[PDB]
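Chemist: File my_file-v8.json below, JSON, C-alpha atoms:
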[["chain", "number", "residue", "atom", "x", "y", "z"],
["A", 456, "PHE", "CA", 4.10, 7.27, 9.66],
["A", 457, "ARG", "CA", 4.19, 9.07, 6.31],
["A", 458, "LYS", "CA", 2.01, 9.20, 3.20],
["A", 459, "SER", "CA", 4.96, 8.68, 0.83],
["A", 460, "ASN", "CA", 8.69, 8.04, 0.93],
["A", 461, "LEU", "CA", 11.36, 10.71, 1.26],
["A", 462, "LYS", "CA", 13.62, 12.02, -1.48],
["A", 463, "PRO", "CA", 17.43, 12.03, -1.01],
["A", 464, "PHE", "CA", 18.97, 14.66, 1.29],
["A", 465, "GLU", "CA", 15.60, 15.98, 2.40],
["A", 466, "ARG", "CA", 14.20, 16.67, 5.86],
["A", 467, "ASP", "CA", 10.64, 17.57, 6.79],
["A", 468, "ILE", "CA", 9.28, 18.44, 10.22],
["A", 469, "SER", "CA", 5.49, 18.50, 10.30],
["A", 470, "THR", "CA", 3.66, 17.47, 13.46],
["A", 471, "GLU", "CA", 0.38, 16.70, 11.79],
["A", 472, "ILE", "CA", -1.56, 13.54, 12.62],
["A", 473, "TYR", "CA", -1.59, 10.62, 10.20],
["A", 474, "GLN", "CA", -4.89, 9.19, 8.96],
["A", 475, "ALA", "CA", -5.39, 5.87, 7.18],
["A", 476, "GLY", "CA", -9.11, 5.07, 6.99],
["A", 477, "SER", "CA", -12.40, 6.84, 6.37],
["A", 478, "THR", "CA", -12.27, 9.52, 9.06],
["A", 479, "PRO", "CA", -11.36, 13.21, 8.69],
["A", 480, "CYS", "CA", -8.81, 13.79, 11.47],
["A", 481, "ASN", "CA", -7.99, 17.50, 11.38],
["A", 482, "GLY", "CA", -6.43, 18.54, 14.69],
["A", 483, "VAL", "CA", -8.27, 15.88, 16.73],
["A", 484, "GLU", "CA", -7.09, 12.27, 17.03],
["A", 485, "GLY", "CA", -9.24, 9.16, 16.80],
["A", 486, "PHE", "CA", -9.81, 5.92, 14.94],
["A", 487, "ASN", "CA", -7.50, 5.15, 11.98],
["A", 488, "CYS", "CA", -5.51, 8.20, 13.13],
["A", 489, "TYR", "CA", -2.10, 8.36, 14.81],
["A", 490, "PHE", "CA", 0.60, 10.74, 16.08],
["A", 491, "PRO", "CA", 3.97, 10.15, 14.38],
["A", 492, "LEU", "CA", 6.67, 11.23, 16.82],
["A", 493, "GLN", "CA", 6.83, 8.33, 19.27],
["A", 494, "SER", "CA", 10.05, 8.22, 21.19],
["A", 495, "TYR", "CA", 12.86, 5.86, 22.20],
["A", 496, "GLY", "CA", 13.40, 3.89, 25.36],
["A", 497, "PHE", "CA", 17.09, 3.80, 26.23],
["A", 498, "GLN", "CA", 18.00, 1.96, 29.43],
["A", 499, "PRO", "CA", 21.08, 0.34, 30.99],
["A", 500, "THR", "CA", 18.83, -2.66, 31.72],
["A", 501, "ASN", "CA", 19.51, -3.97, 28.20],
["A", 502, "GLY", "CA", 22.02, -5.65, 25.94],
["A", 503, "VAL", "CA", 23.51, -4.69, 22.60],
["A", 504, "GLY", "CA", 20.86, -4.10, 19.95],
["B", 358, "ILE", "CA", -7.89, -21.42, 7.66],
["B", 359, "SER", "CA", -6.30, -22.37, 4.33],
["B", 360, "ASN", "CA", -7.12, -21.92, 0.62],
["B", 361, "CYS", "CA", -8.63, -18.46, 1.03],
["B", 362, "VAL", "CA", -8.70, -15.07, -0.49],
["B", 363, "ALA", "CA", -8.81, -12.86, 2.60],
["B", 364, "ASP", "CA", -10.70, -9.59, 2.19],
["B", 365, "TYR", "CA", -9.57, -7.46, 5.13],
["B", 366, "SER", "CA", -12.16, -4.75, 4.50],
["B", 367, "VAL", "CA", -14.34, -5.27, 7.56],
["B", 368, "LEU", "CA", -11.45, -6.11, 9.88],
["B", 369, "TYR", "CA", -9.43, -2.96, 9.18],
["B", 370, "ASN", "CA", -11.51, 0.10, 8.30],
["B", 371, "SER", "CA", -15.13, -1.04, 8.79],
["B", 372, "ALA", "CA", -14.13, -2.20, 12.26],
["B", 373, "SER", "CA", -15.85, -1.92, 15.65],
["B", 374, "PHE", "CA", -12.94, -3.39, 17.60],
["B", 375, "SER", "CA", -11.00, -2.14, 20.62],
["B", 376, "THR", "CA", -7.67, -2.50, 18.81],
["B", 377, "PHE", "CA", -6.32, -3.40, 15.38],
["B", 378, "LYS", "CA", -2.52, -3.60, 15.20],
["B", 379, "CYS", "CA", -0.12, -6.37, 14.21],
["B", 380, "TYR", "CA", 3.33, -7.19, 15.55],
["B", 381, "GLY", "CA", 6.07, -7.09, 12.93],
["B", 382, "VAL", "CA", 3.56, -6.58, 10.09],
["B", 383, "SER", "CA", 2.27, -3.22, 8.87],
["B", 384, "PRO", "CA", -1.52, -3.58, 9.34],
["B", 385, "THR", "CA", -2.32, -0.92, 6.70],
["B", 386, "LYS", "CA", -1.40, -2.68, 3.43],
["B", 387, "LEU", "CA", -1.33, -6.31, 4.61],
["B", 388, "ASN", "CA", -3.22, -7.25, 1.41],
["B", 389, "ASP", "CA", -0.12, -7.18, -0.84],
["B", 390, "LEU", "CA", 1.83, -10.12, 0.59],
["B", 391, "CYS", "CA", 0.84, -13.61, 1.58],
["B", 392, "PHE", "CA", 1.73, -16.62, 3.69],
["B", 393, "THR", "CA", 1.32, -20.39, 3.77],
["B", 394, "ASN", "CA", -1.37, -20.54, 6.46],
["B", 395, "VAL", "CA", -3.19, -18.35, 8.99],
["B", 396, "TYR", "CA", -5.28, -19.46, 11.96],
["B", 397, "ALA", "CA", -7.99, -18.12, 14.26],
["B", 398, "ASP", "CA", -7.99, -18.55, 18.03],
["B", 399, "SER", "CA", -10.90, -17.40, 20.17],
["B", 400, "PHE", "CA", -11.07, -17.01, 23.94],
["B", 401, "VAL", "CA", -13.14, -15.10, 26.47],
["B", 402, "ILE", "CA", -11.27, -12.32, 28.24],
["B", 403, "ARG", "CA", -12.65, -9.46, 30.35],
["B", 404, "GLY", "CA", -11.95, -5.88, 29.29],
["B", 405, "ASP", "CA", -8.98, -5.29, 31.61],
["B", 406, "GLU", "CA", -6.62, -8.25, 31.06]]
Just dump the structure as C-alpha cells.
Modeler:
Amino acid sequence: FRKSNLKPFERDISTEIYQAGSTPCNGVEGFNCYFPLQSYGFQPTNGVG
Amino acid sequence: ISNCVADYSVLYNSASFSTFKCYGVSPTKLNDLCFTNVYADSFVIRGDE
C-alpha cells in the first residue's frame, strides 16, 4: 500500500499504517486501515511461479 | 444486474460489513473501470464458516 507511486532509483522505509476511508488511524489500526509489510510464503510444496 | 451506474459509496466507506476486499481487483478505486455484467448472490451463513 502507498499513497502515490515511487520515483526512479528511490527507496523509502516507513512502517506507518495506510488509511483509505474516513477514519484517522494514527498509531492504532482499524477499519479502512492496513499494515503494509505483509510477507511471502515460500514452500517446497509448490511449482514454478 | 445490468444497465447500471454503480455508486459504491455505501458498500466501501459507509460500510457496516465484516469484510470488504476483492480478489484480483483493487477494492479502493474500483469506480474507474467497468465490465459487461455483475451479479448478486445471497445465502445464509453463520459467522464462523
Chemist: Would you mind telling me which residue in B:382, B:358, B:372, B:395 lies nearest to chain A when using all atoms listed in the file?
Modeler: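 Under the stated criterion, the closest residue is B:372.
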Chemist: When the cut-off is 9 Å and we count only C-alpha atoms, which residues of chain B are near chain A, given as a list in words?
Modeler: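 Taken together, these residues fit the definition: residues 369, 370, 371 and 385 of chain B.
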Chemist: Show me the residues close to (-9.9, -3.2, 21.1) - anything with an atom within 12 Å, counting all atoms listed in the file - and format the list as a PyMOL selection string.
Modeler: (chain A and resi 486) or (chain B and resi 368-369+372-378+402-406)
Chemist: In Å, with one decimal, what is the gap from CA of residue 474 in chain A to CA of residue 379 in chain B?
Modeler: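 Here the two named atoms are 17.1 Å from each other.
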Chemist: So what do you get for CA of residue 494 in chain A versus CA of residue 468 in chain A, distance-wise?
Modeler: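 Between CA of residue 494 in chain A and CA of residue 468 in chain A the gap is 15.0 Å.
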Chemist: Have a look at CA of residue 364 in chain B and CA of residue 386 in chain B and let me know their distance in Å, one decimal.
Modeler: 11.7 Å
Chemist: Edge lengths and centre in Å to one decimal, as JSON, is what I'm after for the box along x, y and z that holds all listed atoms of range 469-479 of chain A once 8 Å is added on each side.
Modeler:
{"center_x": -3.5, "center_y": 11.8, "center_z": 9.9, "size_x": 33.9, "size_y": 29.4, "size_z": 23.1}
